[PDB]
């Protein structure tokens, strides 16, 4: 028969308890300012397709960033704008400053606060053990906030995490794939980026929830402490599940598919093979031994689980002993 149902363990019904206007993004009507108010200064690298520029707000001469919206459905523009406005002021969420259009092209664009980011590739090579705990904790604050606001990010990855390393400031960006969580709703599995896709996406299980972002977060933790980046390096969506199964084990994969009555694409049986669940200690060697603590492995083991419902929530993750060194006492 069909796949078994599933529900988020936390924040499941929060959107139904809010006004419909909160989550009914198709009824949202943005106000499009004049993009001429922001003089572009330099282009900022965001892939071969997305066009993002640093600019100056000539009204107050403040640094901003302008993201020209790729030709996509207006429905998806409204979704991203509504989600950004619902999340504005949240901890470590990128602040949407303005929604503008170019007077000539009429192309919609988003204006964000500027953060003096350093690209993760060079940053990951110099992060200390404390840096990893600190920035993972700051990222967890953003994920717990947006989940508590009934929103899945669905594209968590190092490229979408701006870090001002000198100011110790972090922002979660790129909410163009984010969605509102509603219990029993089936979602598109063609989300996130290959290396950070959870097993539910790869096996085409559509009734997923906030725990998808927690798998992606676990992949980032694994690449930071083990220094293998990305940690699961699939050549495509099919091979990506094999890379996961070579670590978590194939028998545990089949146990997950049986629990939720998930039909496996038979092509996976051509490439999966049989693999035991590996101990996380097997990935330690001289180049990463200084970053792989007992609590780091215990947290990673509780994040990188096939069963999305058994993964730690963002809040449970924040309460894990791994973050004890960075849990600050209440101010004032």
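Residue numbers count along the first chain shown, from 1.
- The stretch with the higher mean CA B factor, choosing between 197 to 205 and 89 to 97, is 89 to 97.
- Checked against the record, the higher mean CA B factor of 6 to 14 and 304 to 312 lies with 6 to 14.
- Between the residues 274, 288, 269, 282, the entry's highest C-alpha temperature factor is the one at 274.
- When the Cα B-factors of 211, 148, 240, 125 are read from the PDB record, 125 comes out highest.
- In this PDB entry, the Cα temperature factor of residue 120 sits in the top third of its chain's modelled residues, the highest group.
- Sort the chain's modelled residues by C-alpha temperature factor and residue 236 lands in the lowest third, per the entry.
- Annotation for residue 297: CA B-factor lies in the middle third of the chain's modelled residues.
- Remark: residue 179 belongs to the middle third of its chain, ranked by C-alpha B-factor as recorded.
- The deposited CA B-factor of residue 216 belongs to the lowest third of values across its chain.
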